[PDB]
Amino acid sequence: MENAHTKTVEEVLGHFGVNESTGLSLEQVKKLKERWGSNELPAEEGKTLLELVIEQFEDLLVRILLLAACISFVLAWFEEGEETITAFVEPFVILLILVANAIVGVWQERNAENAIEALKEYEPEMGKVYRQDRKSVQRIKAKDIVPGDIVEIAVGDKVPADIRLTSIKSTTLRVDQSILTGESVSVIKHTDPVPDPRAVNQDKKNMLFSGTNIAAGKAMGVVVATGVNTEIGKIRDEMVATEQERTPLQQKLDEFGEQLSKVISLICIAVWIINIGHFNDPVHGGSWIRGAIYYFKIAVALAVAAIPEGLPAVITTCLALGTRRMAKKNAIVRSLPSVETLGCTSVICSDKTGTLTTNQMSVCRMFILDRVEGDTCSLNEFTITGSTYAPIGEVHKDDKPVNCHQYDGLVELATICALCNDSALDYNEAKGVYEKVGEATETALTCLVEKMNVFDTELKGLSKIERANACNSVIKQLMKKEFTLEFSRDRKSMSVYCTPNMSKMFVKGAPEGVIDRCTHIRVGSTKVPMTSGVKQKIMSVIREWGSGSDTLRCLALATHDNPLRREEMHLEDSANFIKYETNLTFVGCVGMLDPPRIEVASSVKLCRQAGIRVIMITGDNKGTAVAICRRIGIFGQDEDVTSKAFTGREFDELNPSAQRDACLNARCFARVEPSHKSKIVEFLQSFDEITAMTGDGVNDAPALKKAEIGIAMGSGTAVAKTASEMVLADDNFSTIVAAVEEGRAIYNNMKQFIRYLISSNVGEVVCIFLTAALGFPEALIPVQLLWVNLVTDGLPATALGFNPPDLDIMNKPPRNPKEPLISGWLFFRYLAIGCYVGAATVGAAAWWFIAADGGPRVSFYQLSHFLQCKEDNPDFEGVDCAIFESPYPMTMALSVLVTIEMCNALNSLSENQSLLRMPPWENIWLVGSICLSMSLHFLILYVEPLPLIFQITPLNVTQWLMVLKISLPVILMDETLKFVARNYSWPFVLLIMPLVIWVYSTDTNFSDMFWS
Ligand code: BEF
Ligand SMILES: [Mg+2]
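- Structure determination for this PDB entry was carried out by cryo-EM, with a resolution of 3.0 Å recorded in the header.

### Remarks on the overall build of the protein
Next, step 1: Across its full length, the protein holds 34 helices and 29 strands.
Next, step 2: Against the 2.2 N^0.38 benchmark of 31 Å for 1012 residues, the protein shows a C-alpha radius of gyration of 39 Å, more extended than a compact globule.
Next, step 3: Each of the three principal axes of the protein carries a C-alpha extent, and together these read 135 × 75 × 60 Å.

### Description of the side chain of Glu742
Next, step 1: By secondary structure assignment, the location of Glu742 is in helix α26 (residues 735–774).
Next, step 2: Taking relative accessible area as the criterion, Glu742 reaches 9% and is therefore assigned buried.
Next, step 3: Discounting chain neighbours no more than four positions away, the residues touching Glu742 are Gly322, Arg325, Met326 and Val339.

### Describing the coordination of the magnesium ion (ligand 2)
Next, step 1: The protein atoms that coordinate the magnesium ion (ligand 2) are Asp351 (OD), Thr353 (O) and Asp696 (OD), at distances spanning 2.1 Å. As far as the burial class goes, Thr353 and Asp696 line up, both buried.

### With respect to the pairing of strand β11 (residues 347–350)
Next, step 1: Here β11 shows no split at all, with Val347 and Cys349 on one side and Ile348 and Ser350 on the other all buried.
Next, step 2: As paired elements, β11 and strand β24 (residues 613–617) share four bridges and run parallel to each other. Considered in β24, the bridge of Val347 is made with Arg613.

### So, the sheet that holds strand β6 (residues 187–189)
Next, step 1: The three strands lie next to each other as β6-β5-β8, forming an open sheet whose pairing is antiparallel. What marks the edges here is a single partner per strand, and that holds for β6 and β8 (213–214).
Next, step 2: Alignment of strand β5 (residues 173–176) against β6, held across three bridges, turns out to be antiparallel. Bridge pairing in β6 links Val175 to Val187.

### Brief notes about the UniProt feature "binding site: Ca(2+) 1" in the protein
Next, step 1: In the numbering used here, UniProt assigns the feature "binding site: Ca(2+) 1" to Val304, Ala305, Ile307, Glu309, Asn789 and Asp793.
Next, step 2: As for its position among the elements, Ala305 is in helix α9 (residues 292–306).
Next, step 3: Here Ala305 falls in the buried class, since its relative accessible area comes to 0%.
Next, step 4: Those residues in contact with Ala305 that lie beyond four places of it in its chain are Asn761, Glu764, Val765, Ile768 and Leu785.

### Regarding the sheet that holds strand β3 (residues 150–153)
Next, step 1: Strand order in the open sheet made by the six strands is β2-β1-β3-β9-β4-β7, with antiparallel pairing throughout. Two strands bound the open sheet, and with one partner strand each, they are β2 (134–141) and β7 (207–208).
Next, step 2: Of the strand pairs in this sheet, strand β1 (residues 126–131) and β2 are connected by five bridges, and their pairing is antiparallel. Along β2, the bridge assignment pairs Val129 with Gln138.

### Brief notes about helix α1 (residues 9–16)
Next, step 1: Along α1, the residues classified as buried are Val12, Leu13 and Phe16. All buried residues of α1 fall inside an arc of 95° around its axis, so they share one side. Every exposed residue of α1 that faces more than 90 degrees away from the buried side is listed here: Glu10 and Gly14.
Next, step 2: Turning to α1, the residues buried within the fold contact α2 (26–36), β4 (162–168) and β9 (219–225).
Next, step 3: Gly17 sits one or two residues past α1 and shows a positive phi near 65°.

### So, the packing of aromatic side chains
Next, step 1: If you walk through the whole model with that rule in mind, you get 20 aromatic pairs.
Next, step 2: On the basis of an interplanar angle of 90° and a centroid distance of 5.5 Å, the ring pair of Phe382 and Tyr407 is categorised as edge-to-face. Placement of the pair is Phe382 in strand β13 (residues 376–384) and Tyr407 in the loop between β14 (395–396) and α12 (408–420), with a sequence separation of 25 residues.
Next, step 3: Here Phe382 falls in the buried class, since its relative accessible area comes to 1%.
Next, step 4: An aromatic cluster is present here, built from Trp848, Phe849, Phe866, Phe884 and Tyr888 joined pairwise through their rings.

### What about the pattern of salt bridges?
Any two side chains of opposite charge can pair, given that their charged atoms come close.
Next, step 1: Here the structure, examined in full by the defined rule, presents 28 salt bridges.
Next, step 2: Notably, a salt bridge pairs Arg246 with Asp59, separated by 2.3 Å at the nearest N-O pair. Taken together, the residues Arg246 in the loop between α7 (231–241) and α8 (248–275) and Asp59 in the loop between α3 (49–55) and α4 (60–78) connect sequence positions 187 residues apart.
Next, step 3: Here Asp59 falls in the partly exposed class, since its relative accessible area comes to 21%.
Next, step 4: A salt bridge links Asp700 to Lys677; the nearest nitrogen and oxygen atoms lie 2.4 Å apart. With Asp700 in the loop between β27 (691–695) and α24 (701–706) and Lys677 in helix α23 (residues 674–685), the pair connects residues that are 23 residues apart, well separated along the chain.

### Quick look at the environment of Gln784
Next, step 1: Mapping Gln784 onto the fold places it in helix α27 (residues 782–800).
Next, step 2: On the accessibility criterion, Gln784 (1% relative accessible area) is buried.
Next, step 3: For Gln784, the contacting residues outside a window of four places in its chain are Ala779, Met890, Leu894, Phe950, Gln951 and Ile952.

### Quick look at unusual backbone geometry
Next, step 1: Residue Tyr861 is not a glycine yet carries a positive backbone phi of 55°.
Next, step 2: Mapping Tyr861 onto the fold places it in the loop between α28 (824–850) and α29 (887–906).

### Section: the nonpolar core
Next, step 1: The biggest cluster of nonpolar side chains holds 129 residues, and the ones touching the most others in it are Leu311, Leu342, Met616, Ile632, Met750, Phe753 and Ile754.
Next, step 2: When residues of this core are assigned to their parent elements, the largest contribution, 16 residues, is made by α26.
Next, step 3: Sequence-distant contacts of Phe753, that is, excluding residues within four places in its chain, are made with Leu311, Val314, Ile315, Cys318, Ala797, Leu800 and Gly801.

### Observations regarding a nonpolar patch on the surface
Next, step 1: Together, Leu916, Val989, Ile992, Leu995, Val996 and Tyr1000 give the surface a local cluster of nonpolar side chains, amounting to about 560 Å² of exposed area.
Next, step 2: Classification of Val989 as partly exposed rests on a relative accessible area of 41%.

### Notes on the pairing of β13
Next, step 1: Relative to β13, strand β12 (residues 362–373) is paired through eight bridges, and the arrangement is antiparallel. Residue pairing for β13: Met366 is matched across the bridge by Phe382.
Next, step 2: The loop that links β12 with its antiparallel partner β13 comprises two residues; one of these, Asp375, has a positive phi angle of about 70°.

### What to know about the environment of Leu955
Next, step 1: Within the secondary structure, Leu955 is located in the loop between α31 (946–949) and α32 (957–967).
Next, step 2: Using a relative accessible area of 9% as the deciding quantity, one classes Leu955 as buried.
Next, step 3: Sequence spacing of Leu955 and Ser908 is 47 residues, and the spatial spacing of their C-alpha atoms is 28 Å.
Next, step 4: Residues contacting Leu955, with those up to four places away along its chain left out, are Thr891, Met892, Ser895, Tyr942, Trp960 and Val963.

### Let's talk about the side chain of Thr242
Next, step 1: Assignment of secondary structure puts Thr242 in the loop between α7 and α8.
Next, step 2: Looking at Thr242, the relative accessible area reads 15%, which means it is buried.
Next, step 3: Among the polar contacts made by the side chain of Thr242, one reaches the main-chain carbonyl oxygen of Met239 at a distance of 2.7 Å.
Next, step 4: Apart from the residues lying within four places of it in its own chain, the contact partners of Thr242 are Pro702, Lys705 and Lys706.

### What about the packing of α8 against α26?
Next, step 1: Where α8 contacts α26, the axes come no closer than 12 Å and their chain directions differ by 10°. Taken as axis vectors, α8 and α26 run roughly parallel relative to one another. Residues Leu253, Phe256, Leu260, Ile267, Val271 and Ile274 of α8 pack against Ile754, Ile758, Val765 and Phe769 of α26.
Next, step 2: A breakdown of the residues in the contact of α8 with α26 according to their chemical character gives 10 nonpolar, no polar and no charged.

### Regarding a negative patch on the surface
Next, step 1: Together, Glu51, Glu55, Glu58 and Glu109 line one region of the surface with negative charge.
Next, step 2: Secondary-structure assignment places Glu51 in helix α3.
Next, step 3: For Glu51, a relative accessible area of 34% translates into the label partly exposed.

Procedures and definitions
Residues numbered from 1 in each chain as written, not as in the entry; some residues may be left out. Chains lettered and ligands numbered in written order. Heavy atoms only, no water. Residues with missing side-chain atoms left out of burial classes, pairs and counts. Helix = DSSP H or I, 4+ residues; strand = E, 2+ residues; numbered from the N terminus. Rg over C-alpha atoms; globule rule 2.2 N^0.38 Å. Buried < 20%, exposed > 50% of the residue type's maximum accessible area, 1.4 Å probe, protein only. Contact = heavy atoms within 4.5 Å. Donors = N, O, S within 2.8 Å, 3.2 Å for Na, K, Ca; no water. Pairing = 2+ DSSP bridges. UniProt positions renumbered as here; feature names shortened; annotations may be inferred. Arc of directions from axis to C-beta. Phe/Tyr/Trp six-rings, centres within 6.5 Å; stacked < 30°, edge-to-face > 60°. Salt bridge = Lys/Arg side-chain N within 4 Å of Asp/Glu carboxyl O. Core = buried A, V, L, I, M, F, W, Y, C linked by side-chain atoms within 4.5 Å. Patch = residues over 30% accessible without salt bridge, like charges linked within 9 Å, V, L, I, M, F, W, Y side chains within 5 Å. Areas by Shrake-Rupley, 256 points an atom, 1.4 Å probe, with all protein chains shown as cover. Polar contact = N/O pair within 3.5 Å; in protein donor to acceptor, adjacent residues only side chain to side chain. Axes fitted to C-alpha atoms, helices over the stretch in contact; angles between N-to-C directions. Parallel < 35°, antiparallel > 145°, perpendicular 65-115°, else oblique. Nonpolar A, V, L, I, M, F, W, Y, C, P; charged D, E, K, R; others polar. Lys, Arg positive; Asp, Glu negative; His and termini not counted. Charge placed at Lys NZ, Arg CZ, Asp CG, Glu CD.

Here is the structure:
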């Protein structure tokens, strides 16, 4: 069945072989059940943990980590000549972290689910259908409906499946379709076929799409689509079809990892070339066959030194902290890398209905006829501060609180609003909020009546359940209803006749018809005949409310004090309805709209300050979208919007060259399909701009998937929350601004500690390369490198993750996504730092070799040929040979590396500001982590079993002073580099004296002037 709206009810019923009066038989029900399937949308399949683990390998950082670990284990198996099993420890310690963060990668996701599925109303859709088994209607489950079923729908009932209308039992049928198309006002439905086959969902006025609900009437229909074949099913399929790429942070990390792998390959090739041809010496090896093992050991040590193992752990820690901060700020984050995406966001695309506005119609402005004379009059204007269905609020007359009990005309206005309508407002604790039960306008009138207590009813000690209708009931008892003249299309108004416990008849409708059908006006408590001037005045008020700066739905109200009695009523004719109120007393009019949320305008201003562009993409009409844009501040009140607001049809006809500056300039998009929303998001992404698509409902589900980051309102549909990466549980729109702020700060911290880790890794690489080239014995075994790069390089990195945010963070435009984390000059600076670190470590080892008070004196680089001396040959000196395996040089190099890393973390507090201007105690976490890691290093040195796992030994006072003497100049070098970067306090210096002056006490020539 296709294009059911284009076909009349007769052939639609004939196609399925179903009768409207009887329905479907059980055999037909089961045949259609097996032919089509279950009438439900399939849930997301449970991603097994094994698949998640195997797909976590896709990141290039963990890719290089895993390949390095695998090669290390392979060469651990290669080194079968050793006996102690502790060697096989050195690869294993890697694998643990490769799991740890991975678990967190799953764990947080699970937490997100625990916060996403919790914000769902798990009430099965319970649908009334007609079948041949029983004449009366029967209530069945949602999944039991099959195409061809006859469904009776009523007010307040959610539509179970796509239903073509057959006949409306009531007068008119109103359907709220804000879920599917973002329409802010209910749509009237009819059984007339729609000739256009390619009509949009809003053009189809003879269809009841799934997910929507009925507002006013009751109707009968025939199901034409179920499950996936429905409009929501097609939209969900389109959302699943679209592919979400990696986050910009993930892309930057992947590029960084590719560069790092290229560096590893280049350095390994270079060291192999510089080390090949060294087998010509009369040593063992079997033509480099047995020297290949030593060369590969050097290569794997270099690869380990070049890969920061603790980087993923600190990255995950920072992302988890940001996610926790959003959890505190009522924002659920699905994926850890997505918390930074808002920081680099340039354009924010937002839905109007339900996202920018509360989707709850409310009255904001009302006027009563105050003072009238011949041809001129003065009107009393009022303003309502309520934005939602909650009955809390105050009425303001010329910007001051006012009680409506003093105004009689306000009393009649409240009476008409409370009595003429037929809907109501209720409060529930499952969601803990207020909902409507009928038309949005009627419940808006009810909320307006409740807000203005004309009868001064007590409310300070009343429960929230009866708060929704606290004073509406008070109005109802005193003036009891008799009957209702329903709404008529030609009349554009509807009336209620009622009698007291005299006998007035209220009428509410469009301003023009109501004011044309009235022959009296109400001034306070007095009746005044027709005079023109008041008529033009009130008509001007009507159109300045309708088409002014704020677009409002004007609703004229009148009362007939002398209507015809009950007995002379003919309710069977709609034509007779109009003539029953030929003489009316116009009381007043009210203005209602779907108001934007109170936190939108300030958030829009803040986003404009941060350089972020805000665009409205909605399915509603252009006028309402432009009005909301003007209200929230996207456009000015008098600003022209000729080339800044577009419709889907207008955008389609636009040339791609015109579409270029349309996307770069236009800020309002109205009447767009979900495919059009995804097309707009893709076009914006085609200009290298990070897109934050915030919204709710089904119509935003594909776009939420297409954008770089998708944000879903907590009151939105389940599909929208599934397609999004962030969820606003409390529906606070400033949370987006807060998330952007922390994302910028988090990216700054990322840059800081990635640069610190790269400095440490290049230092280790230079140390190993210099040791290999110089021929000296190894100064750093790989397990020490793992211990350093995890503990001593994660605790300072975690502390750097707590860097204080910049003051000018939110007053600058978003960063260019194409820029790299490490610039050329910063790369040179950190390369120099690493070269100094490696030179310092090698120099400490050589200093222990050649000039040590408690060590040997094999100096002038003689006998430094490692793996060469075996006995007392002439090149062999007086000292022994086993001293080359002493752990003293190893622990000296380790201590120098640790101290230099402490200094590098100390002066990496700022990108360019000197450590003198910014004292290190600004970040107490930094000094805390430095002290903790130094304490752990001391514990490693002075504990029983670890100094055996690590080939180290405790030092003495002189060696420690030498270590600090070597380590401190890195602070001066970094300060000089920062100074030359900037150009091209007292309390800190006071603490410098007890340290640097102590260094001046002892001076040593170092006895090292042979080569370097
Ligand atoms: F729901 Be949006 F306003 F189209
Ligand atoms: Mg919406």
